[PDB]
Amino acid sequence: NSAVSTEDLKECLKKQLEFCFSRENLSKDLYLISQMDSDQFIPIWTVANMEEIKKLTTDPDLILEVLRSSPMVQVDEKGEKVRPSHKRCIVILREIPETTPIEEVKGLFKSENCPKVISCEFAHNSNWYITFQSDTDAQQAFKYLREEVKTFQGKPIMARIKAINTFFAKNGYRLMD
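Per the deposited record, the coordinates in this entry were obtained by solution NMR.

Now the structure itself:
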């Protein structure tokens, strides 16, 4: 557990990465968010030289090769830019009785620190695809639903935050939808 094997550090880089692009982390990461090139891309250099990793080493061409270990992150294919992936704005309300009026589910989205739903439509799989204005609000709103949706007229309901990503991606992903 205490050697010179880089195998240990490899796993460590993850933590940094995973936290950097956290809802509260990025939104509060001027260094990254403020350095962001034109498409929210971060100059590969500004980051590749982050103190956290600066302790790791000074390998420019290598760092990005590891970053690929962050599925929720998208690094430039050329290895010169990169933008963090943090969307997920649509909320999915499942187990909603086909006889459940839009009125009932309408308030189940109701948020206390977020504005009213932007769009609420019935999507197959008894799952209602409600679209919020912004992820920061949606995701945060979902945190409130867990308390409200937890029950409806005494009817316990389950829901999951809908994340957006590549469609033609690999299905190898254990998690299914």
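Peer 1: Teacher, can you tell me more about the pattern of salt bridges here?
Peer 2: Pairing between side chains becomes possible if they bear opposite charge and their charged atoms approach one another. This structure, assessed with the given rule, holds three salt bridges. Put simply, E80 and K78 hold a salt bridge, and the shortest N to O gap is 3.3 Å. A residue is classified by how much of its surface remains accessible, and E80, at 45% relative accessible area, is partly exposed. Here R94 ties to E95 by a salt bridge, and the two come within 3.3 Å at their closest N and O atoms. A residue is classified by how much of its surface remains accessible, and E95, at 46% relative accessible area, is partly exposed.

Peer 1: Explain helix α8 (residues 135-148) here, please?
Peer 2: Residue pairs spaced three or four apart in an α-helix point in one direction, given the helix's 3.6 residues per turn. The end-to-end C-alpha distance of α8 is 19 Å, a good match for the 20 Å that 14 residues give at a rise of 1.5 Å each. Restricting attention to buried positions, one finds in α8 the residues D137, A138, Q139, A141, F142 and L145. Summarising the contacts, the buried residues of α8 are in contact with β3 (90-93), α7 (102-109) and β6 (159-162).

Peer 1: What exactly am I supposed to notice about the nonpolar core here?
Peer 2: Soluble globular proteins: nonpolar side chains tend toward being buried together. Counting residues in hydrophobic clusters, the biggest one holds 21 residues, and the most contacted among them are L93 and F109. Contributions of two or more residues to this core are made by β3, α7, β5 (127-131), α8 and β6. When residues of this core are assigned to their parent elements, the largest contribution, four residues, is made by α8. Setting aside residues no more than four positions away along its own chain, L93 makes contact with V105, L108, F109, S126, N127, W128, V149, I157, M158 and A159. Counting 20 residues, the second largest nonpolar core, distinct from the first, contains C20, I44, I53 and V75.

Peer 1: Any chance you could explain unusual backbone geometry here in plain terms?
Peer 2: Among all residues except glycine, the phi angle is most often negative; among peptide bonds, the trans geometry is most common. A positive phi angle is found at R88, which is not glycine, with a value near 55°. The phi angle at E95 is positive, at roughly 55°, despite the residue not being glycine. Position of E95 relative to the elements: it lies in the loop between β3 and α7.

Peer 1: Just to check I follow, could you spell out the UniProt feature "domain: RRM" in the protein for this structure?
Peer 2: In this numbering, the UniProt entry assigns the feature "domain: RRM" to residues 93-171. Here residues 93-171 runs as 28% helix and 19% strand, with 24 Å between its end C-alpha atoms.

Peer 1: How should the domain arrangement of the protein be read in this particular structure?
Peer 2: One frequent convention defines the size of an interface as the accessible area lost when the parts assemble. Segmenting the protein into domains produces domain 1 (1-85) and domain 2 (86-177). Using C-alpha coordinates to define each centre, domain 1 is positioned 30 Å away from domain 2.

Peer 1: What is the right way to look at the environment of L32 in this model?
Peer 2: Summarising the element assignment, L32 is placed in helix α3 (residues 30-35). In this structure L32 comes out as buried when scored by relative accessible area, which is 5%. Separated by 10 residues in sequence, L32 and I42 place their C-alpha atoms 6.5 Å apart. Ignoring anything within four residues of it in the chain, the contact list for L32 reads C20, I42 and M50.

Peer 1: How should the UniProt feature "domain: HTH La-type RNA-binding" in the protein be read in this particular structure?
Peer 2: With numbering aligned to this structure, UniProt lists the feature "domain: HTH La-type RNA-binding" at residues 3-92. The straight-line gap between the two end C-alpha atoms of residues 3-92 is 46 Å; of that span, 47% is helix and 10% is strand.

Conventions used here
- Residues numbered from 1 in each chain as written, not as in the entry; some residues may be left out.
- Heavy atoms only, no water.
- Salt bridge = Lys/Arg side-chain N within 4 Å of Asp/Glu carboxyl O.
- Buried < 20%, exposed > 50% of the residue type's maximum accessible area, 1.4 Å probe, protein only.
- Helix = DSSP H or I, 4+ residues; strand = E, 2+ residues; numbered from the N terminus.
- Expected span 1.5 Å × (residues − 1).
- Contact = heavy atoms within 4.5 Å.
- Core = buried A, V, L, I, M, F, W, Y, C linked by side-chain atoms within 4.5 Å.
- UniProt positions renumbered as here; feature names shortened; annotations may be inferred.
- Domains from an automatic or database assignment.

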